[PDB]
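In what follows, every chain begins at residue 1, and chains take the letters A, B, ... in the order their sequences are listed.
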Amino acid sequence: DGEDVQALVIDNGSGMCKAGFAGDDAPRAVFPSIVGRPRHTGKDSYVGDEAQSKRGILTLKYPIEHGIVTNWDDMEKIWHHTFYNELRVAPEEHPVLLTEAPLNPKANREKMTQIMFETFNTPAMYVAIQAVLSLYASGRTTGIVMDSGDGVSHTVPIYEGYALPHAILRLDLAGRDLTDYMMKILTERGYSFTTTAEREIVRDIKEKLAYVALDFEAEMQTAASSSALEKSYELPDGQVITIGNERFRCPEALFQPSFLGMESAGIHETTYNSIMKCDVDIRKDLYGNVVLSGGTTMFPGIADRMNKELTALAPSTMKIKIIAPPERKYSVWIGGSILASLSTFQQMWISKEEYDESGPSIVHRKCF
Amino acid sequence: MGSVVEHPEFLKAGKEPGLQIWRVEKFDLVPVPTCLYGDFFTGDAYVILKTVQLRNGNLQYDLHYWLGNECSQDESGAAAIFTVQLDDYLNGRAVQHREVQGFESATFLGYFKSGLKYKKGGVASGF
Ligand SMILES: Nc1ncnc2c1ncn2[C@@H]1O[C@H](COP(=O)(O)OP(=O)(O)OP(=O)(O)O)[C@@H](O)[C@H]1O
Ligand SMILES: [Ca+2]
Ligand SMILES: [Ca+2]
Ligand SMILES: [Ca+2]
């Protein structure tokens, strides 16, 4: 695709990679952040769906764990596939905007910059924090983003355009954990979901029929005395199963980590803790601008529950506003697209010329 | 080595006491003709800079980004970002404010002595 110089936007997640063209309203490509390599022989590699389909003869790996890159060779495969297979461009022809997790280690920010310029020869690049890009997509400069995906959840307070690092909280509880949990409780119901192929099925049950109850105990009750909340689901083979209270207990783990045997605070209290770490004078603006973002925030009912739980933690007079855009699965990507399209962005990129003068550490001065 | 906006409009911003208004137009910051100040297209997003003169010789800055009921996502996201960039350019001295159609702060409404007016329509989305 390409105004004058066409910029590209890559949003790399633990579970999914979202990639496209600056100026589009949505990612052109969305695929699993998976790299498959031969168990024995052909060097060779596979990415995404195709790696999954040949899993039986490949060793599969996730280069991003909890939002942080832990395998750079495999990350480079994701990137090479993104450019040549998914977007069909030559990277040396485009400025590339990439995204990162809050608190990304210094060394990792240097390495991304290094790979882009030295392995792909991008003429220009930029790295942006995911949460800040979602805040921008929602037309705000101050607010608190609750970002929950496949491997990690973060609560990121932002003021006048920048994250407040000291108040950011990380929660290793996200979509994967939820899928696994739905597997275990559907199993306990009498069904049996334990295999890789079954995991996939459950991920889909989770995405199609799960929901957050506004009142967990009242709902366990309704479910126990009625059959009204039940739903049927068709497995790939034609068999029909019945899902009941599992629909809402699964995402309840977001608000009650003890359900997963975890000792931490749930998303509502983590959001509250981040707000209380910020200057008392901006708290009103955080509470009134709680932006939900990421695939794990797509459960029906989650906004209403976040509203209820935050309203209970904060002084009754405090105005609470939960913003949960219908497109929040791609908010990070959309923010990146808007930012990279601005007439005033030209100046913000790290150019090849800057990179050749300072090396990878230029990233700590150019991208904050 | 630097990240300085060279957009002509940044050079004109906050030089003197007064009101400056720009409209987001297809990913760009574009001046509003001063005879049109106060007539806001509800299909658009805008950026307003109020510069007040201080005793000290320096200027006080209040940056407001106004969001119309029908503005597209690229427009509201760009107004917000342009606001951050203008504040930065001005050394972080602007105080930022989000203004939503129908819910504007009194200070913001107070800038338009003959009363702010809404009008339907506006420029097409940059997407
Ligand atoms: N409709 C849905 N309801 C509930 N969960 C969903 C829904 N749609 C997607 N998810 C989940 O969202 C997750 C992927 O979202 P996302 O792309 O935002 O994560 P990521 O970017 O890959 O992960 P992370 O941000 O932790 O690095 C998966 O766990 C997926 O199952
Ligand atoms: Ca993500
Ligand atoms: Ca418009
Ligand atoms: Ca400021």
Legend entry - Non-neighbouring partners of A:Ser227 that pass side chain to side chain contact (heavy atoms under 4.5 Å, CB included), sequence neighbours left out: A:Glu230
Legend entry - Which residues share a salt bridge (charged side-chain N to carboxylate O under 4.0 Å, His left out) with B:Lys26, sequence neighbours left out: none
Legend entry - Donor-acceptor pair between B:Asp88 and A:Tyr162 side chains, under 3.5 angstrom: yes
Inset, instruction - Would you please indicate if the ring centroids of A:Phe216 and A:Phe255 are separated by under 6.0 Å? - result: no
Inset, instruction - Answer yes if the side chains of B:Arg93 and B:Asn58 hold a donor-acceptor pair under 3.5 Å, and no otherwise. - result: yes
Inset, instruction - Output all residues satisfying side chain to side chain donor-acceptor pair (under 3.5 Å) with B:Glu25, sequence neighbours left out; order by chain, then residue number. - result: B:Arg23
Legend entry - Point-to-point distance, once rounded to the nearest 0.5 Å, from CZ of B:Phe41 to CH2 of B:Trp66: 10.5 Å
Inset, instruction - Begin with the C-alpha distance, continue with both residues' side-chain angles, and end with the deciding distance and a verdict on ring-ring contact (aromatic ring centres under 6.0 Å, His included) for B:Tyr89 and B:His7. - result: CA-CA 11 Å; B:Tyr89 180 88; B:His7 197 287; over 10 Å; no
Legend entry - Parallel, tilted or perpendicular: rings of B:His64 and B:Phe108 (30°, 60°): tilted
Legend entry - Point-to-point distance, once rounded to the nearest 0.5 Å, from CD1 of A:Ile338 to OH of A:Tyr136: 11.5 Å
Legend entry - Geometric class of the B:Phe112/B:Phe40 ring pair [parallel <30°, tilted 30-60°, perpendicular >60°]: perpendicular
Inset, instruction - Could you tell me the separation between the OG1 atom of A:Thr344 and the CD atom of B:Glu6, rounded to the nearest 0.5 Å? - result: 11.5 Å
Inset, instruction - Look at the rings of A:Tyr126 and A:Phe345 and say which category their plane angle falls in: under 30° parallel, 30 to 60° tilted, over 60° perpendicular. - result: perpendicular
Legend entry - Pair A:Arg189-A:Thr242, side-chain contact (heavy atoms from CB on, under 4.5 Å): steps then yes or no: CA-CA 9 Å; A:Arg189 197 185 182 69; A:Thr242 293; 4.3 Å; yes
